[PDB]
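*Asks:* Curious how this folds, go ahead:
(chains A and B)
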There are 2 protein chains.
Amino acid sequence: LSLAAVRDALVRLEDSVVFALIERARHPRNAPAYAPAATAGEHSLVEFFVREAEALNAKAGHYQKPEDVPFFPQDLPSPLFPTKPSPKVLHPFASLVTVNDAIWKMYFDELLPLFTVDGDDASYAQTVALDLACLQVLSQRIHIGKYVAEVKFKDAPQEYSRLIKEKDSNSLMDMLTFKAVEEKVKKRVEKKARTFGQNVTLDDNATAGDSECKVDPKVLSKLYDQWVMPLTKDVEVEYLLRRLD
Amino acid sequence: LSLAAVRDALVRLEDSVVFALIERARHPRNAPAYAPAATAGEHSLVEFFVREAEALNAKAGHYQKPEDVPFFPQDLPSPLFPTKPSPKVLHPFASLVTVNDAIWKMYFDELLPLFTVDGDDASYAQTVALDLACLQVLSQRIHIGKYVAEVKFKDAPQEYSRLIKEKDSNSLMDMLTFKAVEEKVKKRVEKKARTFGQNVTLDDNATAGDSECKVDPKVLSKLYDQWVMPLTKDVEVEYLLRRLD
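*Replies:* Numbers count the residues shown, from 1 in each chain, chains lettered A, B, ... in the order given. And now the structure:
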């Protein structure tokens, strides 16, 4: 709908990502929570939890907005409850894009080792809820790329449609990319990790660098640079390619 | 085992409470989520959701420590996964005290209006999940009172036992109360809301007041002074009244 409204939604999720990483970092790696199951049909604890959690959310009316995308879509029940009609702001077919399969692999294989200490407390059930909270914030921010794409498309429609007709993802990627905004996002996300992960005490005693921080602010910089922003841009490109259907 | 470790665990919960309130305030009141006639049956959307999410958590191994207390205990299932027996640090019978029904009442009746603006987006499923995270962090904080009661008992067991045998609630309450520390907590919990709720910006010159804070820092002071700290103390008095059984 609005250039500024979409940007505000993204900025606000910077705080939600810092928060969610800080809270999950309260526990160690807790690897038994992710160990796989002996059989098919039996799952790991984290998969069992998410599949069950997403079914409950679906009954409560979740996943009816294009930025709210589940990790396990096939099994999902209908909402049990009355649902307000969609605003319908995006191209419907281009809206069905999902990179959740990639967010999942990224979180467990690459993210978790960066902000989570080696070790094991018994708190597997608490841990997997905190993982789902991380996976959901990441996935909402990344799939807002659908609105980012629409908003850019409507701003320069003749220039974008020319590239869509020629199926030219590489040139679409270049036009989408605002590298100077990306560098601001990374610095601000670093500053947010510094502000929220700080040990707040009533004295304002000096601290040596980020050694006091619950999550290393360079991790937030690195997450955004390597995964969040590249996967959001993947979503815009996939959206834009379908935007003329 | 250590009173400093127990207070360190309660200090870390200060940030979790601020995060959870900030995150729930992303949405407005969304009252139909709590209205029982909005959904079929005598249950509201939030009550339905929490019952289902608690049964899921129980299956994942949750609610196996005395600080982890569910709002709907009567209906909780067994863990699907193996829980390895853990160290018995607390009195078994006195461990079972739960003030969760008072926490639930104060959250929906007293707290929600304070940090949640009037209005309605249809985001009911996100709201009720954000409400449960609030409820879970308040309950854990408050029921860590059990651990507080226990260390305070073991270090002065004889004068504590005599006040238990006499069933003296007011004198147990004056033994437990450290008003100077309560005042640190009220001011620090408020500083954390001010720090974590501000709009963090790449301007070092810029400063903003509590008007820009996502949750009024004074709401956090009030929360602790009115409900969190008294309810934690209700737990440790009711813990001690059973400590000789």
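*Asks:* Where does residue A:172 sit: helix, strand or coil?
*Replies:* What DSSP: H, G, I helix; E, B strand; the rest coil gives for residue A:172 is helix.
*Asks:* Isn't it up against residue A:160?
*Replies:* Yes: if you go by CB atoms under 8 Å, residue A:172 and residue A:160 touch, sitting 7.2 Å apart. C-beta: built from backbone N, CA, C; applies to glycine.
*Asks:* Between these two, which is the more surrounded one?
*Replies:* Comparing residue A:172 with residue A:160 by other CB atoms under 10 Å in any protein chain shown, the one with more neighbours is residue A:172, at 25 against 21.
*Asks:* show me what contacts that one?
*Replies:* By CB atoms under 8 Å, 6 or more residues apart in numbering or on different chains, the contact set of residue A:172 is A:160, A:163, A:164, A:236, A:237, A:240, A:241.
*Asks:* coming back round to it: now for residue A:172 and residue A:160: what residues contact both?
*Replies:* residue A:240.
*Asks:* Surely residue A:116 and residue A:23 touch.
*Replies:* No: proximity of residue A:116 to residue A:23 does not meet the contact threshold set by CB under 8 Å, at 11.5 Å.
*Asks:* which one of the two has more residues nearby?
*Replies:* residue A:23 (23 against 20).
*Asks:* any idea which helix or strand carries the residue of chain A most remote from its centre?
*Replies:* The centre of chain A is farthest from one residue, residue A:203, which by CA atoms, centre = their mean lies 35.5 Å away. Here residue A:203 sits in a region with no helix or strand, counting by DSSP states H and E.
*Asks:* Return the distance of it relative to residue B:188.
*Replies:* 10 Å (CB to CB, to the nearest Å).
*Asks:* Could you list the residues in contact with stretch A:181-190?
*Replies:* The contact list for stretch A:181-190, computed with CB under 8 Å, 6+ apart, reads A:11, A:14, A:17-18, A:217-218, A:220-221, A:224-225, A:229, B:200-202.
*Asks:* Out of the residues you listed, which end up buried?
*Replies:* A:11, A:14, A:17, A:18, A:217, A:220, A:221, A:224, A:229, B:200 (16 or more other CB atoms under 10 Å in any protein chain shown).
*Asks:* before we move on, back to that, need the contacts of stretch A:181-190 in JSON lines (columns: distance to residue A:71 and secondary structure).
*Replies:* Shown next, in JSON lines, are those (distance: CB to CB, whole Å; DSSP: H, G, I helix; E, B strand; the rest coil):
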{"residue": "A:11", "distance to residue A:71": "25", "secondary structure": "helix"}
{"residue": "A:14", "distance to residue A:71": "22", "secondary structure": "helix"}
{"residue": "A:17", "distance to residue A:71": "17", "secondary structure": "helix"}
{"residue": "A:18", "distance to residue A:71": "22", "secondary structure": "helix"}
{"residue": "A:217", "distance to residue A:71": "27", "secondary structure": "helix"}
{"residue": "A:218", "distance to residue A:71": "27", "secondary structure": "helix"}
{"residue": "A:220", "distance to residue A:71": "22", "secondary structure": "helix"}
{"residue": "A:221", "distance to residue A:71": "25", "secondary structure": "helix"}
{"residue": "A:224", "distance to residue A:71": "21", "secondary structure": "helix"}
{"residue": "A:225", "distance to residue A:71": "23", "secondary structure": "helix"}
{"residue": "A:229", "distance to residue A:71": "20", "secondary structure": "helix"}
{"residue": "B:200", "distance to residue A:71": "29", "secondary structure": "coil"}
{"residue": "B:201", "distance to residue A:71": "33", "secondary structure": "coil"}
{"residue": "B:202", "distance to residue A:71": "33", "secondary structure": "coil"}
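*Asks:* okay, these in CSV with distance to residue B:35 next?
*Replies:* Below are the contacts of stretch A:181-190 laid out as CSV (distance: CB to CB, whole Å):
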residue, distance to residue B:35
A:11, 33
A:14, 33
A:17, 32
A:18, 34
A:217, 43
A:218, 46
A:220, 39
A:221, 44
A:224, 40
A:225, 45
A:229, 40
B:200, 36
B:201, 38
B:202, 43
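*Asks:* so which of those residues comes closest to residue B:121?
*Replies:* Closest approach between the contacts of stretch A:181-190 and residue B:121, by CB to CB: residue A:11, at 18.1 Å.
*Asks:* ok, now which ones touch the closest one?
*Replies:* Neighbours of residue A:11 in contact, by CB under 8 Å, 6+ apart: residue A:188.
*Asks:* Excluding chain neighbours, what is closest to the spatially most central residue of chain A?
*Replies:* For chain A, residue A:138 is the residue whose C-alpha lies nearest the centre (CA atoms, centre = their mean; 1.4 Å). Once flanking residues are discounted, residue A:138 sits nearest to residue A:103: 5.4 Å by CB to CB, 6 or more residues apart in numbering or on different chains.
*Asks:* How far does the helix or strand encompassing the one you found sit from its chain's centre?
*Replies:* Assigned by DSSP H and E, residue A:103 falls within helix A:100-106. Its chain's C-alpha centre and that of helix A:100-106 lie 9 Å apart, by CA atoms, centre = their mean, to the nearest Å.
*Asks:* What residues of the helix or strand that that helix is followed by count as buried?
*Replies:* Using DSSP H and E, the next helix or strand after helix A:100-106 towards the C-terminus is helix A:112-115. Neighbour counts over helix A:112-115 (16+ other CB under 10 Å) mark A:112, A:115 as buried.
*Asks:* From the rest of the structure, what touches helix A:112-115?
*Replies:* Contacts for helix A:112-115 (CB under 8 Å, 6+ apart): A:21, A:24, A:25, A:29, A:215, A:216, A:219, A:222, A:223.
*Asks:* Same list (those residues) but as a markdown table, adding secondary structure and distance to residue B:109.
*Replies:* Compiled in a markdown table, the contacts of helix A:112-115 are given as follows (DSSP: H, G, I helix; E, B strand; the rest coil; distance: CB to CB, whole Å):
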| residue | secondary structure | distance to residue B:109 |
| --- | --- | --- |
| A:21 | helix | 33 |
| A:24 | helix | 31 |
| A:25 | coil | 33 |
| A:29 | coil | 40 |
| A:215 | coil | 35 |
| A:216 | coil | 41 |
| A:219 | helix | 40 |
| A:222 | helix | 44 |
| A:223 | helix | 39 |
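*Asks:* Farthest pair within those?
*Replies:* A:29 and A:222, at 18.0 Å, using CB to CB across those.
*Asks:* Give me the buried positions along stretch A:95-102.
*Replies:* The neighbour-count check on stretch A:95-102 (16+ other CB under 10 Å) flags A:95, A:97, A:98, A:99, A:100 as buried.
*Asks:* for stretch A:164-180, same thing?
*Replies:* In stretch A:164-180, counting by 16+ other CB under 10 Å, buried: A:164, A:172, A:173, A:175, A:176.
*Asks:* name the helices or strands packed onto the helix or strand that contains residue A:134?
*Replies:* Using DSSP H and E, residue A:134 falls within helix A:124-143. Using 3 or more CB pairs under 8 Å, 6 or more residues apart in numbering or on different chains; DSSP states H and E, the elements in contact with helix A:124-143 are helix A:3-24, helix A:45-59, helix A:100-106, helix A:229-242.
*Asks:* which other residues reach the helix or strand following it?
*Replies:* Counting by DSSP H and E, the next helix or strand C-terminal to helix A:124-143 is helix A:145-155. Helix A:145-155 has contacts (CB under 8 Å, 6+ apart) with A:2-3, A:6, A:9-10, A:66-67, A:89-91, A:94-95, A:97, A:160-161, A:175-176, A:231-237, A:239-240, A:243.
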